[PDB]
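This is structure18.txt. It holds compact mmCIF, C-alpha atoms and all ligand atoms.
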# COMPACT_ATOMS: atom_id res chain seq x y z
CA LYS A 1 -66.01 31.48 58.48
CA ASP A 2 -66.18 28.50 56.17
CA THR A 3 -63.52 25.92 56.64
CA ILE A 4 -61.08 24.81 53.98
CA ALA A 5 -58.89 21.82 54.62
CA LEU A 6 -55.43 21.31 53.35
CA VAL A 7 -54.15 17.73 53.46
CA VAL A 8 -50.42 17.89 52.73
CA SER A 9 -48.15 14.89 52.02
CA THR A 10 -45.56 15.95 54.51
CA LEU A 11 -44.43 18.95 56.50
CA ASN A 12 -40.86 17.57 56.66
CA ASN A 13 -40.02 19.27 53.38
CA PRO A 14 -39.41 23.06 53.07
CA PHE A 15 -41.32 23.02 49.79
CA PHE A 16 -44.54 21.92 51.53
CA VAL A 17 -44.05 24.34 54.41
CA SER A 18 -44.05 27.29 51.91
CA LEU A 19 -47.01 25.75 50.11
CA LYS A 20 -48.90 25.71 53.44
CA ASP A 21 -47.87 29.30 54.20
CA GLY A 22 -49.12 30.38 50.81
CA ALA A 23 -52.48 28.81 51.46
CA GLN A 24 -52.67 30.21 55.02
CA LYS A 25 -51.94 33.77 53.88
CA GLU A 26 -54.59 33.55 51.16
CA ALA A 27 -57.13 32.00 53.52
CA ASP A 28 -56.44 34.86 56.00
CA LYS A 29 -56.87 37.29 53.15
CA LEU A 30 -60.18 35.81 51.88
CA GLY A 31 -61.57 35.18 55.38
CA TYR A 32 -61.55 31.41 55.60
CA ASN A 33 -60.69 29.11 58.40
CA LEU A 34 -57.84 26.82 57.22
CA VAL A 35 -57.36 23.37 58.76
CA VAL A 36 -54.03 21.67 57.96
CA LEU A 37 -53.55 17.93 58.13
CA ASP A 38 -50.27 16.10 57.66
CA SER A 39 -50.41 12.69 55.98
CA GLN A 40 -46.75 12.02 56.85
CA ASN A 41 -46.23 10.32 53.46
CA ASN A 42 -48.64 7.58 54.52
CA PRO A 43 -51.72 6.73 52.27
CA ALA A 44 -53.42 5.14 55.29
CA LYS A 45 -52.92 8.31 57.30
CA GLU A 46 -54.09 10.39 54.37
CA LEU A 47 -57.31 8.37 54.09
CA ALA A 48 -58.05 8.75 57.81
CA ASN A 49 -57.35 12.52 57.53
CA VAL A 50 -59.91 12.85 54.77
CA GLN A 51 -62.45 10.70 56.63
CA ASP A 52 -62.18 12.97 59.66
CA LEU A 53 -62.56 16.18 57.65
CA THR A 54 -65.77 15.08 55.89
CA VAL A 55 -67.60 15.55 59.24
CA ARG A 56 -65.82 18.72 60.53
CA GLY A 57 -67.90 20.98 58.34
CA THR A 58 -65.10 21.22 55.76
CA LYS A 59 -66.49 23.05 52.72
CA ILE A 60 -63.59 22.34 50.34
CA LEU A 61 -60.67 19.90 50.31
CA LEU A 62 -57.29 20.92 48.97
CA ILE A 63 -55.15 17.80 48.80
CA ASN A 64 -51.55 17.05 47.94
CA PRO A 65 -51.57 13.21 47.34
CA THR A 66 -48.95 11.06 49.08
CA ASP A 67 -49.47 8.69 46.11
CA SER A 68 -51.26 9.65 42.85
CA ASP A 69 -52.70 6.17 42.37
CA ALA A 70 -53.63 5.31 45.95
CA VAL A 71 -55.33 8.63 46.81
CA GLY A 72 -58.33 7.62 44.64
CA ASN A 73 -60.14 6.06 47.63
CA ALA A 74 -59.74 9.27 49.66
CA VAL A 75 -60.99 11.47 46.80
CA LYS A 76 -63.96 9.16 46.31
CA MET A 77 -64.85 9.50 49.97
CA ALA A 78 -64.74 13.31 49.65
CA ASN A 79 -66.92 12.90 46.48
CA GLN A 80 -69.50 10.87 48.45
CA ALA A 81 -69.51 13.51 51.18
CA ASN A 82 -70.18 16.17 48.50
CA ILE A 83 -66.95 18.05 49.31
CA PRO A 84 -65.21 19.58 46.21
CA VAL A 85 -61.63 18.39 45.75
CA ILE A 86 -58.75 20.43 44.37
CA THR A 87 -55.36 18.79 44.01
CA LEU A 88 -52.16 20.69 44.45
CA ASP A 89 -48.76 19.78 43.06
CA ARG A 90 -49.55 16.07 42.46
CA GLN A 91 -52.49 14.54 40.58
CA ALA A 92 -55.16 12.10 41.56
CA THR A 93 -55.42 9.27 39.05
CA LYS A 94 -59.01 8.41 40.17
CA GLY A 95 -62.00 10.23 41.67
CA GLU A 96 -63.65 13.52 40.65
CA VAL A 97 -61.38 16.55 40.96
CA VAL A 98 -62.58 20.08 40.30
CA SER A 99 -59.22 21.64 39.59
CA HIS A 100 -55.53 20.72 39.60
CA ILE A 101 -52.71 23.21 40.24
CA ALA A 102 -49.06 22.41 39.57
CA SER A 103 -45.90 23.07 37.59
CA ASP A 104 -45.13 21.52 34.22
CA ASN A 105 -42.93 18.76 35.63
CA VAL A 106 -42.23 17.26 32.21
CA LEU A 107 -40.73 20.58 31.05
CA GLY A 108 -38.94 20.92 34.41
CA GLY A 109 -37.14 17.62 33.91
CA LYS A 110 -36.14 18.51 30.34
CA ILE A 111 -34.70 21.87 31.30
CA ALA A 112 -32.66 20.11 34.02
CA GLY A 113 -31.33 17.67 31.45
CA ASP A 114 -30.53 20.41 28.90
CA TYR A 115 -28.60 22.39 31.53
CA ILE A 116 -26.49 19.36 32.40
CA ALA A 117 -25.64 18.82 28.71
CA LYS A 118 -24.65 22.47 28.48
CA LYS A 119 -22.19 22.14 31.33
CA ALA A 120 -20.95 18.53 31.44
CA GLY A 121 -21.36 18.11 27.67
CA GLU A 122 -23.19 15.64 25.42
CA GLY A 123 -22.86 11.95 26.28
CA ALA A 124 -22.15 12.84 29.92
CA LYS A 125 -22.32 9.97 32.48
CA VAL A 126 -25.21 10.82 34.74
CA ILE A 127 -27.08 9.43 37.70
CA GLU A 128 -30.69 10.29 38.47
CA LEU A 129 -32.16 10.40 41.94
CA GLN A 130 -35.89 9.98 41.37
CA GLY A 131 -38.74 11.01 43.61
CA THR A 132 -41.37 8.86 45.21
CA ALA A 133 -42.36 6.35 42.49
CA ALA A 134 -46.18 6.57 42.46
CA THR A 135 -46.38 10.40 42.31
CA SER A 136 -47.21 12.31 39.15
CA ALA A 137 -44.42 14.81 39.94
CA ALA A 138 -41.71 12.13 39.93
CA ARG A 139 -43.18 10.27 36.90
CA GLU A 140 -43.26 13.50 34.91
CA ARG A 141 -39.77 14.70 35.80
CA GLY A 142 -38.32 11.31 34.79
CA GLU A 143 -40.16 11.59 31.48
CA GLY A 144 -38.86 15.11 30.83
CA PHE A 145 -35.39 13.97 31.86
CA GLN A 146 -35.63 10.97 29.46
CA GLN A 147 -36.16 13.35 26.52
CA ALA A 148 -32.91 15.13 27.42
CA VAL A 149 -31.09 11.79 27.77
CA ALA A 150 -32.10 10.86 24.22
CA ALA A 151 -31.36 14.32 22.80
CA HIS A 152 -27.94 14.64 24.46
CA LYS A 153 -27.08 10.90 24.34
CA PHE A 154 -26.41 10.78 28.08
CA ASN A 155 -25.03 7.61 29.52
CA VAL A 156 -27.25 6.94 32.50
CA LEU A 157 -25.09 5.00 35.00
CA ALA A 158 -27.94 4.46 37.46
CA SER A 159 -31.38 5.72 38.26
CA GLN A 160 -33.07 5.00 41.60
CA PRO A 161 -35.78 6.58 43.82
CA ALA A 162 -34.77 8.33 47.05
CA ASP A 163 -38.35 9.32 47.80
CA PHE A 164 -37.91 13.13 47.78
CA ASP A 165 -36.10 12.75 51.13
CA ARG A 166 -32.75 14.26 52.15
CA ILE A 167 -31.45 11.37 54.30
CA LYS A 168 -32.47 8.76 51.72
CA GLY A 169 -30.96 10.87 48.94
CA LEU A 170 -27.75 10.89 50.99
CA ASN A 171 -27.63 7.11 51.50
CA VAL A 172 -28.70 6.24 47.97
CA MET A 173 -26.04 8.52 46.49
CA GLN A 174 -23.42 7.12 48.88
CA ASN A 175 -24.14 3.57 47.60
CA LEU A 176 -24.24 4.55 43.94
CA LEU A 177 -21.01 6.49 44.34
CA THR A 178 -19.07 3.40 45.46
CA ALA A 179 -20.42 1.48 42.48
CA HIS A 180 -20.06 4.32 39.87
CA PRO A 181 -17.13 6.64 40.77
CA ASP A 182 -17.06 7.92 37.18
CA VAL A 183 -20.31 9.88 37.49
CA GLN A 184 -20.04 13.40 36.03
CA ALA A 185 -23.43 14.87 36.85
CA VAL A 186 -26.50 14.10 38.97
CA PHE A 187 -30.13 15.14 38.49
CA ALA A 188 -31.98 15.00 41.79
CA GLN A 189 -35.77 15.41 41.39
CA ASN A 190 -36.08 17.70 44.40
CA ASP A 191 -33.79 19.95 46.43
CA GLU A 192 -33.90 17.70 49.50
CA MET A 193 -32.37 14.78 47.61
CA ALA A 194 -29.93 17.15 45.87
CA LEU A 195 -28.76 18.43 49.31
CA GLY A 196 -28.36 14.82 50.53
CA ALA A 197 -26.43 13.98 47.35
CA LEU A 198 -24.04 16.90 47.91
CA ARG A 199 -23.31 15.69 51.43
CA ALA A 200 -22.52 12.19 50.13
CA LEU A 201 -20.12 13.68 47.60
CA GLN A 202 -18.56 15.77 50.39
CA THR A 203 -18.16 12.70 52.63
CA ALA A 204 -16.63 10.87 49.62
CA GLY A 205 -14.35 13.76 48.66
CA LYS A 206 -15.92 14.05 45.13
CA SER A 207 -15.80 17.76 44.43
CA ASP A 208 -15.95 17.20 40.66
CA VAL A 209 -19.59 16.12 40.32
CA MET A 210 -22.20 18.61 39.03
CA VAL A 211 -25.56 18.36 40.87
CA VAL A 212 -28.89 19.82 39.67
CA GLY A 213 -31.85 19.96 42.05
CA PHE A 214 -35.50 20.92 41.74
CA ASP A 215 -37.75 23.31 43.76
CA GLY A 216 -35.64 26.35 44.57
CA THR A 217 -36.31 26.09 48.32
CA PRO A 218 -34.31 28.44 50.64
CA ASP A 219 -31.70 25.72 51.24
CA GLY A 220 -31.51 24.87 47.56
CA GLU A 221 -30.98 28.52 46.57
CA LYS A 222 -28.35 28.99 49.25
CA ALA A 223 -26.40 25.96 47.89
CA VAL A 224 -26.49 27.31 44.31
CA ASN A 225 -25.28 30.65 45.68
CA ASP A 226 -22.52 29.10 47.73
CA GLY A 227 -21.54 27.35 44.48
CA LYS A 228 -22.18 23.86 45.90
CA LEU A 229 -25.30 23.15 43.82
CA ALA A 230 -24.91 23.80 40.05
CA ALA A 231 -28.55 24.71 39.54
CA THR A 232 -32.10 24.15 40.64
CA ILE A 233 -35.41 24.53 38.88
CA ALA A 234 -37.36 26.99 41.00
CA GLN A 235 -41.02 26.29 41.63
CA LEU A 236 -43.52 28.60 43.30
CA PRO A 237 -44.94 26.54 46.22
CA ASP A 238 -46.42 29.64 47.94
CA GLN A 239 -48.30 30.48 44.76
CA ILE A 240 -49.54 26.88 44.31
CA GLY A 241 -50.96 27.17 47.84
CA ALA A 242 -52.45 30.65 47.15
CA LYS A 243 -53.93 29.64 43.84
CA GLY A 244 -55.53 26.65 45.58
CA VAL A 245 -57.35 28.79 48.15
CA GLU A 246 -58.24 31.35 45.54
CA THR A 247 -59.70 28.61 43.34
CA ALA A 248 -61.51 27.15 46.40
CA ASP A 249 -63.21 30.56 46.85
CA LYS A 250 -64.39 30.71 43.20
CA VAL A 251 -65.88 27.16 43.50
CA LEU A 252 -67.70 28.09 46.75
CA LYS A 253 -68.97 31.20 45.00
CA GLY A 254 -70.31 29.16 42.10
CA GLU A 255 -67.85 30.46 39.53
CA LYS A 256 -66.54 27.78 37.26
CA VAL A 257 -62.81 27.28 37.38
CA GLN A 258 -60.25 25.85 34.92
CA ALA A 259 -59.47 22.13 35.21
CA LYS A 260 -55.76 22.88 35.27
CA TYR A 261 -53.73 25.83 36.45
CA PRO A 262 -50.01 25.85 35.64
CA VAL A 263 -47.40 27.61 37.70
CA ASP A 264 -44.17 28.83 36.10
CA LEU A 265 -40.69 27.37 36.57
CA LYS A 266 -37.37 29.14 36.42
CA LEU A 267 -33.84 27.87 36.03
CA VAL A 268 -31.75 29.16 38.85
CA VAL A 269 -28.03 29.41 38.34
CA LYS A 270 -25.39 31.45 40.16
CA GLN A 271 -25.60 35.14 39.08
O1 LIG B 1 -43.21 19.30 43.55
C1 LIG B 1 -42.98 18.68 44.81
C2 LIG B 1 -41.61 19.11 45.35
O2 LIG B 1 -40.60 18.88 44.37
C3 LIG B 1 -41.28 18.35 46.63
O3 LIG B 1 -39.98 18.63 47.03
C4 LIG B 1 -41.41 16.86 46.45
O4 LIG B 1 -42.71 16.55 45.99
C5 LIG B 1 -43.03 17.14 44.72
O5 LIG B 1 -44.31 16.69 44.33
Spell out the structure here as structure tokens.
Amino acid sequence: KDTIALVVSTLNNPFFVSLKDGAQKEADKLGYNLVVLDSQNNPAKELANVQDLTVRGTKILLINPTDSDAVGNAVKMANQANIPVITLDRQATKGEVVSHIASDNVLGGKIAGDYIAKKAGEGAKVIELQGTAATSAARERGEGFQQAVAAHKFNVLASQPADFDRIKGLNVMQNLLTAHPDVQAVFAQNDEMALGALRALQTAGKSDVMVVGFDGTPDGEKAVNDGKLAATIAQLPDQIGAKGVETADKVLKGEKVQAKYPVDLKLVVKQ
């Protein structure tokens, strides 16, 4: 069996666990050996992961960048080693990439903003918990959210990165809460930060604040169902992973593939 490598940004996020399971199930299906490497959100670790794979007989590299701008050196090393690179979920700003597979994060952010305006009303006072700064996913969701801010005249009280992490999202929201107790709604750029934000609101006794997450992970869907999370934009991580391995197969078989493959989003609300 030919080996396909999957370098994922982190395995400490349910979203990336499902992405890995999607790839594993498709690799099993198509008869490939799948090696999984965790970069642990560290560009230095990511680079070393890629350097080690280029000599393991890896035929194709599926990579989820820890940083869209810094991953360029790793992609270029794969390029020198003649190993095709497919990015999943986040882009690579530099280096040659065969195909990129992800959601429309600009649309995702806009839909989140529109839903908030529908519930909390136009001109609502909002806070935004942004993802890791140098990732295409976070940059795009902020951009889509900025279109909603302008359309619905939201008053953005504060906007700060909590790095797609639940504990950080918790602490950042705790601090912004003390400084802006008049917040009406919060857009968290992933479900982990949205879950952390809910816990901060719980600790602070603020039951009145509407929170919108992003991903539709098991925990995020449970919160929406329990009525704790107002909504989440569901992604299809398992299908981003499957589409990556499927696309890896086509490349290895000499079939040309599209440069971009979108994966649908869906607004998830209770009922
Ligand atoms: O799309 C993914 C998911 O939202 C994850 O939760 C954080 O990283 C983003 O790039």
Do you have the CA of residue 164 in chain A-CA of residue 129 in chain A distance handy?
8.6 Å
Please report as CSV every residue of chain A lying within 7 Å of ligand LIG 1 (chain B), along with the nearest atom pair and their distance in Å (one decimal), using all atoms listed in the file.
residue,atom,partner,partner_atom,distance
A:13,CA,B:LIG1,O3,6.4
A:15,CA,B:LIG1,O3,5.4
A:16,CA,B:LIG1,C3,6.9
A:89,CA,B:LIG1,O5,5.6
A:90,CA,B:LIG1,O5,5.6
A:135,CA,B:LIG1,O5,6.9
A:137,CA,B:LIG1,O5,4.8
A:138,CA,B:LIG1,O5,6.8
A:164,CA,B:LIG1,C4,5.3
A:189,CA,B:LIG1,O2,6.7
A:190,CA,B:LIG1,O2,4.7
A:191,CA,B:LIG1,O3,6.4
A:192,CA,B:LIG1,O3,6.6
A:214,CA,B:LIG1,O2,6.1
A:215,CA,B:LIG1,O2,5.3
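Between CA of residue 235 in chain A and CA of residue 265 in chain A the separation is 5.2 Å.
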Selection: 7 Å around residue 200 in chain A, only C-alpha atoms, excl. self and same-chain fewer than 3 positions, as a VMD selection string
chain A and resid 170 173 to 174 196 to 197 203 to 204
Across A:29, A:100, A:270, A:20, the smallest distance to residue 223 in chain A, with all atoms listed in the file counted, is shown by A:270
Determine, counting all atoms listed in the file, which protein, DNA and RNA residues have an atom within 7 Å of an atom of range 155-161 of chain A; residues of the same chain fewer than 3 positions away are not included. Present the result as number ranges by chain.
A: 123-133
What residues have an atom no more than 12 Å from (-47.5, 21.9, 31.8) in the file's own frame, counting only C-alpha atoms, and can you write them as a PyMOL selection string?
chain A and resi 89+100-110+137+140-141+144+260-265
Between CA of residue 248 in chain A and CA of residue 99 in chain A, what is the distance, to one decimal in Å?
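Result for CA of residue 248 in chain A versus CA of residue 99 in chain A: 9.1 Å, one decimal.
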Got a sec: who's within 9 Å of residue 97 in chain A, counting all atoms listed in the file, leaving out chain neighbours fewer than 4 positions off, as a list in words?
residues 75, 79, 84, 85, 86, 87, 92 and 259 of chain A
For each of A:121, A:22, A:169, A:216, take the minimum atom-to-atom distance to residue 241 in chain A, counting only C-alpha atoms, then give the residue where this is smallest.
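Smallest separation from residue 241 in chain A among the options: A:22.
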Some atoms are missing, so please complete range 229-253 of chain A with N, CA, C and O atoms and return it as a PDB file, in the coordinates of the input.
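Result saved to part04.pdb:
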ATOM      1  N   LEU A 229     -24.304  23.718  44.722  1.00  0.00           N
ATOM      2  CA  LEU A 229     -25.300  23.150  43.820  1.00  0.00           C
ATOM      3  C   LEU A 229     -25.201  23.882  42.476  1.00  0.00           C
ATOM      4  O   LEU A 229     -25.202  25.099  42.440  1.00  0.00           O
ATOM      5  N   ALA A 230     -25.093  23.150  41.365  1.00  0.00           N
ATOM      6  CA  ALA A 230     -24.910  23.800  40.050  1.00  0.00           C
ATOM      7  C   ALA A 230     -26.124  24.596  39.610  1.00  0.00           C
ATOM      8  O   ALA A 230     -25.987  25.655  38.984  1.00  0.00           O
ATOM      9  N   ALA A 231     -27.307  24.078  39.939  1.00  0.00           N
ATOM     10  CA  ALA A 231     -28.550  24.710  39.540  1.00  0.00           C
ATOM     11  C   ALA A 231     -29.713  24.016  40.191  1.00  0.00           C
ATOM     12  O   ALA A 231     -29.584  22.901  40.715  1.00  0.00           O
ATOM     13  N   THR A 232     -30.847  24.704  40.166  1.00  0.00           N
ATOM     14  CA  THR A 232     -32.100  24.150  40.640  1.00  0.00           C
ATOM     15  C   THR A 232     -33.220  24.731  39.810  1.00  0.00           C
ATOM     16  O   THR A 232     -33.096  25.829  39.282  1.00  0.00           O
ATOM     17  N   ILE A 233     -34.272  23.982  39.606  1.00  0.00           N
ATOM     18  CA  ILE A 233     -35.410  24.530  38.880  1.00  0.00           C
ATOM     19  C   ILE A 233     -36.364  25.078  39.933  1.00  0.00           C
ATOM     20  O   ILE A 233     -36.919  24.323  40.725  1.00  0.00           O
ATOM     21  N   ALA A 234     -36.517  26.389  39.984  1.00  0.00           N
ATOM     22  CA  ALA A 234     -37.360  26.990  41.000  1.00  0.00           C
ATOM     23  C   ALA A 234     -38.837  26.829  40.706  1.00  0.00           C
ATOM     24  O   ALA A 234     -39.289  27.115  39.599  1.00  0.00           O
ATOM     25  N   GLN A 235     -39.567  26.341  41.702  1.00  0.00           N
ATOM     26  CA  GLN A 235     -41.020  26.290  41.630  1.00  0.00           C
ATOM     27  C   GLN A 235     -41.581  27.418  42.494  1.00  0.00           C
ATOM     28  O   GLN A 235     -40.831  28.130  43.177  1.00  0.00           O
ATOM     29  N   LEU A 236     -42.889  27.592  42.467  1.00  0.00           N
ATOM     30  CA  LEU A 236     -43.520  28.600  43.300  1.00  0.00           C
ATOM     31  C   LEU A 236     -44.544  27.946  44.236  1.00  0.00           C
ATOM     32  O   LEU A 236     -45.756  28.114  44.071  1.00  0.00           O
ATOM     33  N   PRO A 237     -44.065  27.235  45.272  1.00  0.00           N
ATOM     34  CA  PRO A 237     -44.940  26.540  46.220  1.00  0.00           C
ATOM     35  C   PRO A 237     -45.996  27.460  46.840  1.00  0.00           C
ATOM     36  O   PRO A 237     -47.176  27.094  46.884  1.00  0.00           O
ATOM     37  N   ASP A 238     -45.548  28.653  47.302  1.00  0.00           N
ATOM     38  CA  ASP A 238     -46.420  29.640  47.940  1.00  0.00           C
ATOM     39  C   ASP A 238     -47.572  30.054  47.037  1.00  0.00           C
ATOM     40  O   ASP A 238     -48.688  30.298  47.503  1.00  0.00           O
ATOM     41  N   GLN A 239     -47.286  30.131  45.745  1.00  0.00           N
ATOM     42  CA  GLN A 239     -48.300  30.480  44.760  1.00  0.00           C
ATOM     43  C   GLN A 239     -49.173  29.282  44.367  1.00  0.00           C
ATOM     44  O   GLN A 239     -50.283  29.471  43.870  1.00  0.00           O
ATOM     45  N   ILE A 240     -48.675  28.053  44.538  1.00  0.00           N
ATOM     46  CA  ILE A 240     -49.540  26.880  44.310  1.00  0.00           C
ATOM     47  C   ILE A 240     -50.543  26.836  45.480  1.00  0.00           C
ATOM     48  O   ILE A 240     -51.728  26.573  45.277  1.00  0.00           O
ATOM     49  N   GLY A 241     -50.067  27.148  46.698  1.00  0.00           N
ATOM     50  CA  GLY A 241     -50.960  27.170  47.840  1.00  0.00           C
ATOM     51  C   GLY A 241     -51.999  28.301  47.723  1.00  0.00           C
ATOM     52  O   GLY A 241     -53.176  28.098  48.003  1.00  0.00           O
ATOM     53  N   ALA A 242     -51.558  29.493  47.270  1.00  0.00           N
ATOM     54  CA  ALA A 242     -52.450  30.650  47.150  1.00  0.00           C
ATOM     55  C   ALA A 242     -53.489  30.436  46.080  1.00  0.00           C
ATOM     56  O   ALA A 242     -54.665  30.741  46.272  1.00  0.00           O
ATOM     57  N   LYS A 243     -53.043  29.909  44.955  1.00  0.00           N
ATOM     58  CA  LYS A 243     -53.930  29.640  43.840  1.00  0.00           C
ATOM     59  C   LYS A 243     -54.978  28.582  44.218  1.00  0.00           C
ATOM     60  O   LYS A 243     -56.099  28.608  43.711  1.00  0.00           O
ATOM     61  N   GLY A 244     -54.611  27.671  45.129  1.00  0.00           N
ATOM     62  CA  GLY A 244     -55.530  26.650  45.580  1.00  0.00           C
ATOM     63  C   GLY A 244     -56.676  27.233  46.389  1.00  0.00           C
ATOM     64  O   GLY A 244     -57.836  26.854  46.204  1.00  0.00           O
ATOM     65  N   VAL A 245     -56.346  28.160  47.296  1.00  0.00           N
ATOM     66  CA  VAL A 245     -57.350  28.790  48.150  1.00  0.00           C
ATOM     67  C   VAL A 245     -58.206  29.791  47.364  1.00  0.00           C
ATOM     68  O   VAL A 245     -59.395  29.984  47.644  1.00  0.00           O
ATOM     69  N   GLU A 246     -57.580  30.414  46.395  1.00  0.00           N
ATOM     70  CA  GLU A 246     -58.240  31.350  45.540  1.00  0.00           C
ATOM     71  C   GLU A 246     -59.265  30.615  44.686  1.00  0.00           C
ATOM     72  O   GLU A 246     -60.407  31.061  44.538  1.00  0.00           O
ATOM     73  N   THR A 247     -58.838  29.463  44.148  1.00  0.00           N
ATOM     74  CA  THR A 247     -59.700  28.610  43.340  1.00  0.00           C
ATOM     75  C   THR A 247     -60.817  27.996  44.199  1.00  0.00           C
ATOM     76  O   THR A 247     -61.942  27.844  43.726  1.00  0.00           O
ATOM     77  N   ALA A 248     -60.503  27.658  45.459  1.00  0.00           N
ATOM     78  CA  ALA A 248     -61.510  27.150  46.400  1.00  0.00           C
ATOM     79  C   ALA A 248     -62.648  28.187  46.607  1.00  0.00           C
ATOM     80  O   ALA A 248     -63.832  27.832  46.674  1.00  0.00           O
ATOM     81  N   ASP A 249     -62.260  29.463  46.705  1.00  0.00           N
ATOM     82  CA  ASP A 249     -63.210  30.560  46.850  1.00  0.00           C
ATOM     83  C   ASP A 249     -64.157  30.637  45.643  1.00  0.00           C
ATOM     84  O   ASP A 249     -65.368  30.604  45.816  1.00  0.00           O
ATOM     85  N   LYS A 250     -63.596  30.712  44.432  1.00  0.00           N
ATOM     86  CA  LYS A 250     -64.390  30.710  43.200  1.00  0.00           C
ATOM     87  C   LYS A 250     -65.418  29.564  43.182  1.00  0.00           C
ATOM     88  O   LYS A 250     -66.585  29.788  42.862  1.00  0.00           O
ATOM     89  N   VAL A 251     -64.970  28.329  43.483  1.00  0.00           N
ATOM     90  CA  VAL A 251     -65.880  27.160  43.500  1.00  0.00           C
ATOM     91  C   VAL A 251     -67.038  27.371  44.497  1.00  0.00           C
ATOM     92  O   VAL A 251     -68.209  27.137  44.161  1.00  0.00           O
ATOM     93  N   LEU A 252     -66.700  27.842  45.712  1.00  0.00           N
ATOM     94  CA  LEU A 252     -67.700  28.090  46.750  1.00  0.00           C
ATOM     95  C   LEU A 252     -68.647  29.215  46.347  1.00  0.00           C
ATOM     96  O   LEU A 252     -69.781  29.299  46.836  1.00  0.00           O
ATOM     97  N   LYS A 253     -68.165  30.089  45.470  1.00  0.00           N
ATOM     98  CA  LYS A 253     -68.970  31.200  45.000  1.00  0.00           C
ATOM     99  C   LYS A 253     -69.732  30.841  43.720  1.00  0.00           C
ATOM    100  O   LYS A 253     -70.455  31.676  43.164  1.00  0.00           O
TER     101      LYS A 253
END
